[PDB]
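Next up: just one chain, as structure tokens, the form deposited in one PDB entry.
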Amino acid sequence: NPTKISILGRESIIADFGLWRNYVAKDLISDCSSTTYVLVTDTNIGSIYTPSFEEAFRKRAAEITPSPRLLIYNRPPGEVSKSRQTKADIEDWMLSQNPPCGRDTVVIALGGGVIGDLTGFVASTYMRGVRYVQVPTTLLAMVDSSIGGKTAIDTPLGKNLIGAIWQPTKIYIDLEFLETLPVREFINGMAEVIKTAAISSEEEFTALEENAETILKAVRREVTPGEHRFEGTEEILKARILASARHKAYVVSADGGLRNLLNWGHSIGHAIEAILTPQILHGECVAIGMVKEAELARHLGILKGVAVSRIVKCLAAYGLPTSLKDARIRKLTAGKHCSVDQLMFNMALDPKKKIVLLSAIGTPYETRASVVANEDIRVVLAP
């Protein structure tokens, strides 16, 4: 049975296994009644899941009268698609439709944090805003990128510079997408997952700690014909993940302050990110950022050394990097390292920086980011 989570006090998230093949299509033409449905995704994810829906759709589609339409759009993969250019193409394609897609349109963003942010924004402006729904296919996008309504596109001058806040009418979470998801991508998203637990529930973090081996194996497992990747670990998985989504959903319904706690490990993660990108992923930087930011709390006497080692353990126990000198990261970027001045500078692109400090695993020092001295920061970065 699907689990329903609420955002901004309203039905929104519906999670379970395989909602894609048998749920979305019907649930759409039911709740999101419309005559036109524009699906957007990238060739990568598309080619793997597009066919299934065209079937699921036509199915539930023709069942009703008149039958609505499904127009599909495939954009190139990569961060390069979140651009003023494609957005317009998308729009233009839509207006070009016969008949042109109208305000009654219901857009479906099927993808990771990229297709999400892009399609969300597209909807947010098409004829001053039209309905849309999230169908994250990335772990991260499932527990973050798709919850909150934050949408945007990049500019050669920066990322997420142009966009808007546009809440999706529905956020379908089909855990099966994680079957085909690249292992590195899974492990990437896990960072957020952990982040979540670390600032909300001690019990949750602990469970994570236990399930690691279990979950990790599955992802790395060899799927025998006829099978489904997570057969047997469904609840352990579904639980741990929704745990995060649930939290993000909660904090979004509240915040400005509380919502700042979602930036744990990010304060430093982003400074690292700026340098190690794009060879290194987000969650990868955030993972290290978390460790570093964790070490910082202890340094200020807030966090117990015990917990610092516990966070490091959990991260690495899931395949996440824990130091800037991580051997795997090295071979991935020959000729690149993060000076302390570069880090501290990158952080300034946001005398005293604001940071989420943990009092203990599950309990943040405050209900928001605290102000730390540039000097104290400089010591956790110091070799």
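Heads up: residue numbers just count along the shown sequence, starting at 1. Between two forms, the rigid core is defined as the largest C-alpha subset superposing within 1.5 Å.
For the step residue 63 to residue 64, what size class fits the number of deposited residues with no coordinates, none, 1 to 3, 4 to 9, or 10 or more? Unmodelled stretch: none, continuous chain.
From residue 209 to residue 210, how many deposited residues does the entry skip: none, 1 to 3, 4 to 9, or 10 or more? Unmodelled stretch: none, continuous chain.
194-202 versus 279-287 - greater average Cα B-factor per the deposited record: 194-202 has the higher mean C-alpha B-factor.
Quick one: higher average CA temperature factor, 131-139 or 268-276? The deposited B-factors put 268-276 ahead on the C-alpha mean.
Could you check 39, 317, 45, 332 and tell me which one carries the biggest Cα B-factor in the deposited entry? The record points to 332.
Maximum C-alpha temperature factor per the entry, among 255, 185, 92, 176, belongs to which one? If I rank 255, 185, 92, 176 by C-alpha B-factor, first place goes to 255.
Thinking about Cα B factors across the chain, which third does residue 155 belong to? Highest third - that is where residue 155 ends up once the chain's C-alpha B-factors are sorted.
Divide the modelled residues of the chain into thirds by Cα B-factor and specify which third, lowest, middle or highest, holds residue 107. According to the entry, residue 107 has a C-alpha B-factor in the chain's lowest third.
Going by the CA temperature factor in the PDB record, which third of the chain does residue 298 belong to: lowest, middle or highest? Highest third of the chain for residue 298's C-alpha B-factor.
Which third of the chain holds residue 313 when residues are ordered by C-alpha B factor: lowest, middle or highest? It belongs to the lowest third of the chain when residues are ordered by C-alpha B-factor.
Going by what the PDB entry lists, where does residue 170 fall on CA B-factor within its chain: lowest, middle or highest third? Answer is middle: the recorded C-alpha B-factor places it there.
What follows is about the form deposited in another entry, which we do not show.
Might you check 79, 209, 202, 234 and identify the only one whose CA position changes by 2 Å or more between the shown form and the other one on rigid-core superposition? Correct option: 79.
Determine, after fitting the two forms on their core, whether residue 108 shows a C-alpha shift of 2 Å or more between the shown form and the other one. Shift at residue 108: 2 Å or more after core fit.
Core-aligned, is the CA shift for residue 128 between the shown form and the other one 2 angstroms or more? Passes the 2 Å threshold, so yes.
Checking residue 32 here: with the core superposed, does its CA move 2 Å or more between the shown form and the other one? True for residue 32: a C-alpha shift of 2 Å or more.
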